[PDB]
Amino acid sequence: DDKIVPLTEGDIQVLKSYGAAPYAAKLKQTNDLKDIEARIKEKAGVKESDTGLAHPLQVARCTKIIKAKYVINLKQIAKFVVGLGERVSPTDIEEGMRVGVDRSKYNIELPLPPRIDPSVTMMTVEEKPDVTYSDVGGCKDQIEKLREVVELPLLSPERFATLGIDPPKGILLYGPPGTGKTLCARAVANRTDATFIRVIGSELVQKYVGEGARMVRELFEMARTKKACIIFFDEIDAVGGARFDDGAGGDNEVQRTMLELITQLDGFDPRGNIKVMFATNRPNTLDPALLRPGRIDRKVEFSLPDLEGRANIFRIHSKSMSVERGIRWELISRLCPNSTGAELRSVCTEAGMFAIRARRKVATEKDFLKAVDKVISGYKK
Amino acid sequence: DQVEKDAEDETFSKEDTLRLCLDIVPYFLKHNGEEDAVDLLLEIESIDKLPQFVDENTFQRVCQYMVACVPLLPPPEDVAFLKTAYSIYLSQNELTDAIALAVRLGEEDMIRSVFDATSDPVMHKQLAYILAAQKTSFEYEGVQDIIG
Amino acid sequence: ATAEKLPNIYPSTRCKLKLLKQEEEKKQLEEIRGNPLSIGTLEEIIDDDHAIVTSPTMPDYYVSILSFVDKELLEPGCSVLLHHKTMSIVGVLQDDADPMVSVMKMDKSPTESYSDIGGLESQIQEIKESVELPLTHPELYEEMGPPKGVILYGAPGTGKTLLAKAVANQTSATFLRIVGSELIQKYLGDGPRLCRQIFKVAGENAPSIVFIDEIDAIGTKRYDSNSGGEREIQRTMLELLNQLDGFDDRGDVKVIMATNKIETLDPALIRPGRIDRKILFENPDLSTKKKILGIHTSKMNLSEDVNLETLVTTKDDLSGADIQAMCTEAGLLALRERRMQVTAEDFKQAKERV
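Residues numbered from 1 in each chain as written, not as in the entry; some residues may be left out. Chains lettered and ligands numbered in written order. Part of a larger assembly, values for the part shown. Heavy atoms only, no water. Residues with missing side-chain atoms left out of burial classes, pairs and counts.

- As recorded in the entry header, the structure was determined using cryo-EM to a resolution of 4.6 Å.

Okay, structure coming up:
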């Protein structure tokens, strides 16, 4: 009530100050020119299209110049090709501001790429991932080869050429998916700052046909655009592996989507620069055409070493937590069998609540022992 | 509107009017809640009533908003309830409500109010920090080194 | 009194708000734009301060923003202000709507609070600690971290469903409830998009509570990827798993798993280290049942013939719903009795039915 209303009284007047204030310098500055300049500037640019009534572009309408119109329509209105002989225009074929081939190529260049792509890449690529050393904890043996597969050739391509070779042009990852697995790819991706394409096969098969084919191309297209790029597939099992489900007959395109992926990746794609990487649960599912060399060369598990790896991994993980320095991760690691550089967080990460249940800063041995028990029992899977 | 803005101009009142509302402000005190004829009283500039009205009864929120009315609002400044109804201040006479009063009014007059009730060094150690946490009032000596 | 001063305060705020000199300047900035202008959809971007667009009529013109507002405020494939001349981008245009994703219960801090649902608490700690606890985010800070999600079991509408929103209410994040059977389609690949759309939301609206109910169907690895086995089963799930095994949180976006078919699922579908949590609703023991009983029994009006133990001991170990359910038809009997205060008999009846 009253005294609070004094605060409420202060509330009103305070707000009125700005209200009073805001009007002040308002009088001073008197915003056409931020745009009306640029507007009228780019109104030329606008008009620079608007003559002749005119990076995916899809369609250039650069329109109706007859002497001349110098454009492609890929569209159900007036499809167009400038070529048949030597047909250009000095900077730019013509207009729309759009000048160029749409996407679908007709002659070359012509006006530098107007291009390229519709649906952006419906697939999306994070370059320099948030993982460099992130899950790299305990992951060595894999990365040890990955670095060879990926890092060093990205680093010093010359050596392999100095040798006369390339890196392994394609590589497999399996075990618990993406668990550090993709991130581990993302790791050396950001370790080397190469372009890391995370494309899931889930993206590949969709409502329509040539689906990933379209993608895989655009993939393989912008592969070479993004060159020194990591094409990465988690869920090679999404499109599936080798199968006869063409005997059923509906799968064919899905099968082909692989064969797509299969076909194009084979012949022309530089895999010393453009990296190709696969993640699955089941390497047993592969279409051998995948496992082919010069397509997949290196083959690697994710993996789950020993008591020892886990400790470090534990030791790695728990540094997040406030943790009892007396108790040994070796102690804990002894108990647990081998398990995932994800699951090993259940070791640590679960104990935080133990640490909060026990209300410790630093979880005790049993806190992890229980967690070891609790989690692993809680599996029953 | 009888006695009101004698409050504003300064460098008054009809007991007819004054007493008529001494059914009313109690009609609001019989309700023990809350706010109306106080404002009628804030007008009144009678140094009887504001000592005289609620020496008793109300607490919590209740006297907390009696306070800002007591010194500030009337044509003069007033205390007595904050000595007077203040007296009984059951739940710590006066600790509970007066510290809700000791805060707000970015003042210090309520420093005794806590002193009076706050008797434990350690209840006062918190009050000490509480008086300290207003440093400007508490920082200069003569409060500091005496209160400080 | 101050209410008046409060109202005009609210009023004066409206004035200054509307007061958005600058007004002219703002209008100068509008007087820039001209009008009426043309909707059109984005496609890609370059620093060009010229970009081309997308239209249903499909003119696509290479056009600048009228630049005070921003390109980076927007994404390719999004409707933008365009003139009718070149379809010049006039500036940032929503293209707000997108009010759809696949099949969900779209809700936040939902009705169900653990108080409501009858006392389950023994496992509420599970869901609380794993989620609600880092939801406070205070202690989880020191904790160094929090699992992804939980796995419900037991019966829905008592254990599974009631609990589901309990912590969802409690944490007050965006609770997203779905069924896998509310996915598919039998077709391949948007099952993932279903998830994606969901995960789009999930990514977008964080914090959120992901819920999942009854994966009987999209979740079964079977033994095989061929010989009649529907890809979409795994094909979906894997992607659901990708966004599942591609994310756990410190207390932001939380997941829920509700179903009776457990090992139908991949271990990494749980992926321990991530999903540590199995909730399983049991028949509440007489006391714990009584715990739920007293709640729903009492919130049901009744005649003092009624007693909990009168109901408690007479029971086969019902579901905590059957508590509700007995209680439910119980009054229905009293309604068939056309009375507002239920006897004890209806209860025994309503239970021995249900």
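### Details of the overall build of chain A
Logical step 1: Helices and strands together make up the secondary structure of chain A, namely 13 helices and 5 strands.
Logical step 2: Computed over the C-alpha atoms, the radius of gyration of chain A is 30 Å, more than 25% above the 21 Å expected from 2.2 N^0.38 for a compact globule of 381 residues.
Logical step 3: When the backbone C-alpha atoms are referred to their principal axes, chain A occupies close to 85 × 85 × 50 Å. (Helix = DSSP H or I, 4+ residues; strand = E, 2+ residues; numbered from the N terminus. Rg over C-alpha atoms; globule rule 2.2 N^0.38 Å.)

### A word on the packing of aromatic side chains
Logical step 1: Tallied over the entire structure, the rule returns 7 aromatic pairs over all chains.
Logical step 2: A centroid spacing of 5.8 Å and a plane angle of 50° characterise the contact between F314 of chain A and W329 of chain A, whose relative ring orientation is tilted. Of this pair, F314 of chain A sits in helix α10 (residues 307–318) while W329 of chain A is found in helix α11 (residues 329–335), placing the two residues 15 residues apart along the sequence. For the residue pair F314 of chain A and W329 of chain A, the accessibility class agrees, reading buried in each case.
Logical step 3: Measuring from ring centre to ring centre gives 5.2 Å for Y86 of chain B and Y89 of chain B, while their planes differ by 85°; the resulting arrangement is edge-to-face.
Logical step 4: A residue is classified by how much of its surface remains accessible, and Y86 of chain B, at 9% relative accessible area, is buried. (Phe/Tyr/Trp six-rings, centres within 6.5 Å; stacked < 30°, edge-to-face > 60°. Buried < 20%, exposed > 50% of the residue type's maximum accessible area, 1.4 Å probe, protein only.)

### Description of a nonpolar patch on the surface
Residue and element names in this part refer to chain B.
Logical step 1: A cluster of nonpolar side chains, contributed by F59, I88 and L90, occupies part of the molecular surface with about 310 Å² of accessible area.
Logical step 2: Examined against the element boundaries, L90 turns out to sit in the loop between α4 (61–69) and α5 (96–102).
Logical step 3: The class for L90 is exposed, based on a relative accessible area of 66%. (Patch = residues over 30% accessible without salt bridge, like charges linked within 9 Å, V, L, I, M, F, W, Y side chains within 5 Å. Areas by Shrake-Rupley, 256 points an atom, 1.4 Å probe, with all protein chains shown as cover. Salt bridge = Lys/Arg side-chain N within 4 Å of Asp/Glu carboxyl O.)

### Considering the UniProt feature "binding site: ATP" in chain A
Logical step 1: Residues annotated by UniProt as "binding site: ATP" correspond here to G175, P176, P177, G178, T179, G180, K181 and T182 of chain A.
Logical step 2: Summarising the element assignment, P177 of chain A is placed in the loop between β1 (170–173) and α6 (181–192).
Logical step 3: A relative accessible area of 5% places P177 of chain A in the buried class.
Logical step 4: Excluding residues within four positions of it along the chain, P177 of chain A makes contact with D234 and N281 of chain A together with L241, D245, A268 and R271 of chain C.
Logical step 5: In this structure, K181 of chain A sits in helix α6.
Logical step 6: Relative accessible area serves as the criterion here: at 0%, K181 of chain A is assigned to the buried category.
Logical step 7: Not counting residues up to four positions away in its chain, the partners in contact with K181 of chain A are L173, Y174, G175, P176, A279, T280, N281 and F302 of chain A.
Logical step 8: There is a polar contact of 3.4 Å between the side chain of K181 of chain A and the backbone oxygen of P176 of chain A. (UniProt positions renumbered as here; feature names shortened; annotations may be inferred. Contact = heavy atoms within 4.5 Å. Polar contact = N/O pair within 3.5 Å; in protein donor to acceptor, adjacent residues only side chain to side chain.)

### With respect to the interface of chain B and chain A
Logical step 1: Each partner contributes to the interface: chain B provides 7 residues, whereas chain A provides 6 residues.
Logical step 2: Of the residues contributing to the side of chain B that touches chain A, the split by class is 3 nonpolar, 1 polar and 3 charged. (Nonpolar A, V, L, I, M, F, W, Y, C, P; charged D, E, K, R; others polar.)

### What to know about the sheet that holds strand β2 (residues 53–54) of chain C
Residue and element names in this part refer to chain C.
Logical step 1: The strand order across the open sheet formed by 4 strands is β2-β1-β3-β4, and the pairing between neighbours is antiparallel. Either end of the sheet is taken by a strand with one partner, and the two such strands are β2 and β4 (89–91).
Logical step 2: Across 4 bridges, the pairing between strand β1 (residues 38–42) and strand β3 (residues 79–82) is antiparallel. Among the inter-strand pairings, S38 is bridged to a residue of β3, identified as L82. (Pairing = 2+ DSSP bridges.)

### Remarks on the interface of chain A and chain C
Logical step 1: On the chain C side, the residues contacting the 85 residues of chain A number 81 residues.
Logical step 2: Contributing elements (two or more residues each) for the side of chain A that touches chain C: α1 (4–20), α2 (22–29), α3 (36–50), β2 (195–200), α12 (343–357) and α13 (365–379) of chain A.
Logical step 3: Per element, the largest residue contribution to the side of chain A that touches chain C is 9 residues, and it comes from α12 of chain A.
Logical step 4: Classifying every residue of the side of chain A that touches chain C by side-chain character gives 32 nonpolar, 25 polar and 28 charged.

### Observations concerning the pairing of β1 of chain A
All names here are of chain A.
Logical step 1: Neither face of β1 is open: one carries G170 and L172, the other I171 and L173, and all of them are buried.
Logical step 2: In this sheet, strand β4 (residues 275–279) lies alongside β1 in parallel orientation, the contact comprising 4 bridges. In the sheet register, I171 faces β4, and the bridge partner there is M277.
Logical step 3: Direction of pairing for β1 relative to strand β5 (residues 298–299): parallel, over a ladder of 2 bridges. If you follow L172 over to β5, its bridge partner there is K299.

### Topic: the side chain of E151 of chain A
Residues and elements named next belong to chain A.
Logical step 1: Locating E151 in the fold gives a position in helix α4 (residues 140–155).
Logical step 2: In this structure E151 comes out as buried when scored by relative accessible area, which is 15%.
Logical step 3: Non-local contacts of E151, meaning those with residues more than four positions away in its chain, are made with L146, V188, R191 and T192.

### Examining the sheet that holds strand β3 (residues 229–234) of chain A
Residues and elements named next belong to chain A.
Logical step 1: The 5 strands lie next to each other as β2-β3-β4-β1-β5, forming an open sheet whose pairing is parallel. The sheet terminates laterally at β2 and β5, the two strands that pair on one side only.
Logical step 2: Lying on the sheet, α6 is in contact with β1, β2, β3 and β4; it crosses β2 at an angle near 160°.
Logical step 3: Set on the sheet, helix α7 (residues 211–225) makes contact with β2 and β3; between it and β3 the angle comes to about 150°. (Axes fitted to C-alpha atoms, helices over the stretch in contact; angles between N-to-C directions.)

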